[PDB]
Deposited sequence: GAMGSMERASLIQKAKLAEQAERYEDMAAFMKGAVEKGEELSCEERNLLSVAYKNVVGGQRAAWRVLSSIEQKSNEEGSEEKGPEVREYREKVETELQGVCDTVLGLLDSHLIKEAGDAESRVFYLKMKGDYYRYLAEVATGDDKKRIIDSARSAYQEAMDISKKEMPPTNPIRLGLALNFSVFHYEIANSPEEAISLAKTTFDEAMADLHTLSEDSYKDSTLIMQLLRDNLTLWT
């Protein structure tokens, strides 16, 4: 690993600098190096890992959607333009899959198995669901069903733990429910399940806000608003 010679603390420090500089590929590489040191990650470090790869894959997903839309238009009275659109869509797709495989590999070797506290285990299982979901967005072949089921299974295990071990306002639990609801709506073709999950999550969080400090209230209501935003689009 290219980061093998750098101190763990230096990798974390540089990840934070990379974030400030909006250098998300660098940030992700630094955080991958930090994970590969073999020690568990603190809450702050988990969030650096997630922010870094979310930004990287987000740029790839947006690019893939642009190219896929052009490719679909080319297959409608449309003039033949050769293999280039498909080729370039495939190039971006392969790079996106590579990033997802990298994240899933870090989770499997060995972040999840060492994560015993609910906050860390739920966080990593949610990430596993997310990156299988991004794989599912581009999957078209004989493994699409297994990719979808891998996302579902990771989200479901995260949900089971979060309901047992975390309050309904916990921001990790809320973000998991938000993402699993989008999985249901967009990936599993289950809009009713998506709506039910988002509504129940929102309502149970609402009922628990009274227990929170001002700062926790702000954290939780921010994510609740995202649930509401989706419900408004879906109903």
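- Missing from the model relative to the deposited sequence is only the stretch 77 (no C-alpha coordinates, numbering from 1).
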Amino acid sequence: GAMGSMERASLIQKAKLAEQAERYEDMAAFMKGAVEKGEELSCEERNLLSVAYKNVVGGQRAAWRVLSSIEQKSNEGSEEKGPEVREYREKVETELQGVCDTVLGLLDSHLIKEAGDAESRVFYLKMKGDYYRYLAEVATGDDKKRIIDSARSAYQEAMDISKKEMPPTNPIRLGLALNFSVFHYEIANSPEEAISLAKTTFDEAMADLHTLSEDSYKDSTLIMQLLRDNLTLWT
From here on, numbers count along this sequence of modelled residues.
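The term rigid core refers to the maximal set of C-alpha atoms that superpose within 1.5 Å between the two forms.
- Comparing 20 to 28 with 208 to 216 by root mean square Cα distance to the shown form in 9 other deposited structures of this protein, with the rigid core used for the fit, gives 208 to 216 as the more displaced stretch.
- When the other compared entries with both flanking residues are checked, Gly77 is unmodelled in at least a third.
- Stretches 47 to 55 and 184 to 192 differ in mean C-alpha B factor, with the higher average recorded for 184 to 192.
- Relative to one another, 138 to 146 and 114 to 122 have unequal mean CA B-factors, and 138 to 146 is the one with the higher figure.
- When the C-alpha B-factors of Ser42, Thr201, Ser68, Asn179 are ranked from the entry, the top spot goes to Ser68.
- Ranked within its chain, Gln156 lands in the lowest third, by CA B factor from the PDB record.
- Ranked within its chain, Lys218 lands in the highest third, by CA B factor from the PDB record.
- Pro83: CA B factor lies in the highest third for its chain, per the PDB record.
- Per the deposited record, the Cα B-factor of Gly129 falls in the lowest third when ranked against the other modelled residues of its chain.
- In the deposited entry, the Cα temperature factor of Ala15 places it in the lowest third of its chain's modelled residues.
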